[PDB]
Amino acid sequence: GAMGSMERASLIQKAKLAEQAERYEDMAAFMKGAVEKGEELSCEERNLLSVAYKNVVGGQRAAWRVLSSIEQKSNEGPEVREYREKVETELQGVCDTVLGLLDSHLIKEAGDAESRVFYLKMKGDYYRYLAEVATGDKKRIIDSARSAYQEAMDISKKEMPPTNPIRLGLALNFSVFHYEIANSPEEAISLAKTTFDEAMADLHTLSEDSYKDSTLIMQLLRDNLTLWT
Amino acid sequence: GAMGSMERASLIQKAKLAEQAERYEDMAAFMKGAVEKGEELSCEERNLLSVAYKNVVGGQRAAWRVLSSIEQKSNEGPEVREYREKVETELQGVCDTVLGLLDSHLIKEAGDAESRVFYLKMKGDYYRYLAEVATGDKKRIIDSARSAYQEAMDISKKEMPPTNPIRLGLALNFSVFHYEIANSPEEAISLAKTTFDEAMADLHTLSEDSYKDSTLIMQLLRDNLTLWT
Amino acid sequence: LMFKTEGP
Amino acid sequence: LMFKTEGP
Ligand SMILES: Cc1ccc(-c2cccc3cc(C(=N)N)sc23)nc1N
Ligand SMILES: Cc1ccc(-c2cccc3cc(C(=N)N)sc23)nc1N
Ligand SMILES: Cc1ccc(-c2cccc3cc(C(=N)N)sc23)nc1N
Ligand SMILES: Cc1ccc(-c2cccc3cc(C(=N)N)sc23)nc1N
Ligand SMILES: [Cl-]
Ligand SMILES: [Cl-]
Ligand SMILES: [Mg+2]
Ligand SMILES: [Mg+2]
Ligand SMILES: [Mg+2]
Ligand SMILES: [Mg+2]
Ligand SMILES: [Mg+2]
Ligand SMILES: [Mg+2]
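This is the structure in C-alpha cells:
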C-alpha cells in the first residue's frame, strides 16, 4: 500500500482530480488506496473505482489487439511476440489487481443489491478481459466470468427493477460475454432482447432523469442486436 | 539502462510497434534505450525519439494545466496543490531525462546540420516545457531555451533551405516561445511572418512531396499569426 | 470490431 | 488556449 499514508478522503478527492486531468493510471492507484482503507465504498466511489480501471485496462486491451493483429499478419523476428507478451502480462496484472480488491474484501462485505451486483459484474468483466487473451486455462477463466455474471444476474432479477442501470449494464456485458467469449451468439441475442423488452415495459415508472440513464444503456443493447441480427 | 540487454535494432522495432499501439511511455523507454547504445541516430530514429517524448510530455502538460486551473479557481484542502506538484514533478523528470540524452551525448556527436538543428530544437522545447511550470529560476530556464533555439536558428539559416521542415518547425516553436514564455509577442509575430514569407518564396524549388511537408508547417505559422494579429 | 459494453 | 507548435 503505497497510498497507506494518505487519508481516505484525500485519495477520493485526488481520484476525482485525476479523472478531470485524464490521468487514469493515477486515478486507479488512488482508488486502490481508498479500497485498501478497508471501509465499504459508496455508490460514487464504486463508480470511480470502475471508471479508473476500465480506462487503464481499455488502453491495454486496445494495444494488445493492435499487436496481436500484427503478430498474426506476420505468421500466415521475436519482437512482435515479445512485446505483445509484455502488454499481455501488464493487462493480466491489472486484471489480477482488480480481482484481488473484489476478493479482499469488497464482495464479501457487500450486502446491498446495488453494491453486490456492481462488484460481481466487475468480477465478470475482469475475468472476461483475462479470457480475451487466454489460450490454455481459457476454459476455467471463462467459467469464472460466467459464474460471477450469473450470480449478479440472479440477484439483480430478484432485487432490482428491470430499468436499473446496473442491472442493464450487467446484462449488456454478459450478453457480449456470451457472444464473443463463450461462442453462444443465440444466448447473447436472447439475453439482449429480453433485457431490452423488460426495460421498455418499466420505463413508465421512471423520472425524466432515471429515464435518460436507462434508455442510454438500452441503446447499447439495441446497437449490439443490430450488429448480431 | 533497463534496456541494456535488448538489441538496438529490437528497441527501434519495438518503438515502432509501441507507436502503432499508442503506447507512448513504452515508445519513449525503447527509444531511450536505443539512444543509450551510444550510436548516432538516423533521421527516422530521431523522429521516433521526438514523437515518443512529445506524446508523453504532452499528456503531462495537459494534466498540469487542468490541475493548475483548478488550483487557481480555489484560490481567488492541500489536495489540488499536492497533486499538481506530483504531476509537475513527473513532467520535470521527463524533461530532465530528454535533456540528459541530448547532453549525453546526442548534441556533441551531431555534426550534420539536420541532426544538430533537430537536437538543439528539442533542447529548446524541453527547456520551454520546464519554463511553463517554473516560478523561481524561471529566468535561467527561459534563457536556456532561448540559447538552444537561437543556436539552432543560426545553423539552420546557414545550412538549410527556408522550406526545410526542421527549420520551419524550429521557427514555429521558437515563435511560440517568444510569445508565451518570453513575453515578446512582437518578436514572435516578426519571426513567424519572416519565416512564412521566406518559405513561400522557396516553394517553387520543391517536389510535390516536399511541398506537402513544408506547406503543412507553414499553415501552423499562419494559424498562430491569425490568433496573434 | 468490438461490441458495445458498459462504461468507457 | 495553446498556440500551434511542431509535432503531436
Ligand atoms: C452520488 C453519486 C455520484 C455519481 C454516481 C455515478 C453513477 C454512475 C456513473 C458515475 C460515473 C462517475 C465518474 N466518472 N466520476 S460518478 C457516477 N453515482 C452516485 N450515486
Ligand atoms: C449515469 C451517470 C453518469 C455520471 C454521473 C455523475 C454524477 C455526478 C458526478 C459526475 C462526475 C463525472 C465526471 N467527472 N466525469 S460523471 C458524474 N452520474 C450518473 N448518474
Ligand atoms: C527514413 C525516414 C522515415 C521517417 C521520417 C520521418 C520524418 C518526419 C516525421 C516522422 C515521424 C515519424 C513517426 N511518427 N514514426 S517517422 C518521420 N524521416 C525519415 N528520414
Ligand atoms: C512529415 C512526415 C511524417 C511522417 C513520415 C513518416 C515516414 C515514414 C514512416 C512513417 C510512419 C509513421 C507512423 N507510424 N505514425 S509517420 C511516417 N514521414 C514524413 N516525411
Ligand atoms: Cl518487449
Ligand atoms: Cl498527490
Ligand atoms: Mg484517516
Ligand atoms: Mg502470456
Ligand atoms: Mg438462430
Ligand atoms: Mg548489439
Ligand atoms: Mg514544483
Ligand atoms: Mg506592435
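Chains as they are written, first to last, in the authors' numbering: chain A, -4 to 71, 78 to 137, 139 to 231; chain A', -4 to 71, 78 to 137, 139 to 231; chain P, 383 to 390; chain P', 383 to 390. A prime marks a further copy of an entry chain. Each residue gets a CB set at the ideal place from its N, CA and C atoms; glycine is no exception.
Looking at ligand 9, does it come within less than 6 angstroms of residue i, judged from the CB to the closest heavy atom?
i, result
"A/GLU188", "yes"
Is the beta carbon of residue i within less than 6 angstroms of some heavy atom of ligand 8?
i, result
"residue 232 of chain A", "Given that chain A is displayed from residue -4 to residue 231, the structure contains no residue 232 of chain A and the question cannot be resolved."
"A/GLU89", "yes"
"P'/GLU388", "no"
Rounded to the nearest angstrom, what separates residue i and residue j at their Cα positions?
i, j, result
"A'/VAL178", "A'/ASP126", "10 angstroms"
"A/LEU229", "A/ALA194", "12 angstroms"
"A/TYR128", "A/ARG56", "13 angstroms"
"A/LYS124", "A'/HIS180", "53 angstroms"
"A'/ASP104", "A/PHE119", "52 angstroms"
"A/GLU189", "A/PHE176", "10 angstroms"
"A/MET22", "A/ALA47", "6 angstroms"
"A/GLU91", "A/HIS206", "45 angstroms"
"A/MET1", "A/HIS106", "20 angstroms"
"A/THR231", "A'/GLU86", "52 angstroms"
"A'/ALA150", "A'/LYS68", "35 angstroms"
"A'/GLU14", "A/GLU110", "42 angstroms"
"A/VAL134", "A'/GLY137", "50 angstroms"
"A'/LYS214", "A'/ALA114", "22 angstroms"
"A'/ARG60", "A'/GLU153", "29 angstroms"
"P'/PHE385", "A'/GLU182", "9 angstroms"
"A/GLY53", "A'/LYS160", "48 angstroms"
"A/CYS96", "A/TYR130", "7 angstroms"
"A/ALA203", "A/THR196", "11 angstroms"
"A/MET26", "A'/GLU210", "53 angstroms"
"A'/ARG224", "A'/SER45", "23 angstroms"
Taking 8 angstroms as the limit between beta carbons, can you name the residues of its chain near residue i, skipping five residues before and five after?
i, result
"A/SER212", "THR165"
"A'/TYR84", "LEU62"
"A/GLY112", "none"
"residue 275 of chain A", "Absent from the model: residue 275 of chain A. The displayed extent of chain A is -4 to 231, so no value can be given."
"A/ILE108", "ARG117, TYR120, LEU121, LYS124"
Are there any heavy atoms of ligand 3 lying less than 6 angstroms away from the beta-carbon of residue i, as far as the coordinates show?
i, result
"A'/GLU40", "no"
"A'/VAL51", "no"
"A'/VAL46", "yes"
Counting only the same chain and skipping the five closest in sequence on each side, list residues whose C-beta sits under 6 angstroms from that of residue i.
i, result
"A/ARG169", "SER158, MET162"
"A'/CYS38", "none"
"A'/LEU227", "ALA194"
"A/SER146", "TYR128"
If you compare alpha carbons, which of the options is closest to residue i?
i, options, result
"A/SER5", "A/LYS160, A/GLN67, A/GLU40", "A/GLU40"
"A'/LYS122", "A'/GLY137, A'/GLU133, A'/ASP156", "A'/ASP156"
"A'/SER116", "A'/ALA147, A'/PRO167, A'/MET1", "A'/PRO167"
"A/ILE144", "A/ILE108, A/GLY(-1), A/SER186, A/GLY171", "A/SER186"
"A/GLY(-1)", "A/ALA29, A/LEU92, A/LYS140", "A/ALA29"
"A'/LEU43", "A'/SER69, A'/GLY53, A'/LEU12, A'/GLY78", "A'/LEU12"
"A'/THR217", "A'/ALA184, A'/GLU66, A'/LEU174, A'/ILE183", "A'/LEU174"
"A'/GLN221", "A'/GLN93, A'/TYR130, A'/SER209, A'/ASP199", "A'/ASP199"
"A/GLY78", "A'/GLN8, A'/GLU35, A'/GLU210", "A'/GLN8"
"A'/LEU36", "A'/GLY53, A'/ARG3, A'/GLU210", "A'/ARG3"
"A'/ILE219", "A'/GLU210, A'/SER209, A'/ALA201, A'/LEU100", "A'/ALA201"
"A/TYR19", "A/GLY33, A/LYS49, A/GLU34", "A/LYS49"
"A'/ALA24", "A'/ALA147, A'/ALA10, A'/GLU17, A'/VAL52", "A'/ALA10"
"A'/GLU89", "A'/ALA147, A'/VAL51, A'/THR98, A'/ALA58", "A'/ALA58"
"A/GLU34", "A/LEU102, A/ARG142, A/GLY171, A/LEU223", "A/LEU102"
"A'/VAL51", "A'/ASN70, A'/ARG82, A'/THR98, A'/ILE65", "A'/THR98"
"residue 138 of chain A", "A'/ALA16, A'/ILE191, A'/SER192", "For residue 138 of chain A, no position is available: the coordinates of chain A end at 137 and pick up again at 139."
"P/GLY389", "A/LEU172, A/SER64, A/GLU210", "A/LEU172"
Only counting the same chain, and skipping five residues up and downstream in sequence, which positions put a Cβ closer than 7 angstroms to that of residue i?
i, result
"A'/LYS140", "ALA132"
"A/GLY(-4)", "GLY28, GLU31"
"A/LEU208", "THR165, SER216"
"A'/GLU71", "none"
"A'/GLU66", "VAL81, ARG82, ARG85"
Taking only heavy atoms of ligand 11 into account, decide whether any of them is closer than 6 angstroms to the Cβ of residue i.
i, result
"A'/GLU133", "no"
"A'/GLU66", "no"
"A'/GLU86", "yes"
Hey, would you say the C-beta of residue i is under 6 angstroms away from at least one heavy atom of ligand 6?
i, result
"A/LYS27", "no"
Sorry if obvious, but does the Cβ on residue i come closer than 6 angstroms to a heavy atom of ligand 4?
i, result
"A'/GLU14", "yes"
Please indicate yes or no: does the CB of residue i lie closer than 6 angstroms to some heavy atom of ligand 10?
i, result
"A'/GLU2", "yes"
Any heavy atom of ligand 1 inside 6 angstroms of the beta-carbon of residue i?
i, result
"A/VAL118", "no"
Return yes when at least one heavy atom of ligand 2 lies under 6 angstroms from the C-beta of residue i, else no.
i, result
"A/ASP215", "yes"
Whole alpha helix (DSSP H) elements within the region 16 to 66 of chain A, 4-residue minimum: Complete alpha helix (DSSP H) runs here, min 4: 19 to 30.
Segments of 4+ residues assigned as alpha helix (DSSP H) that fall wholly inside the region 160 to 202 of chain A: Here the runs fully enclosed are 167 to 178, 187 to 202.
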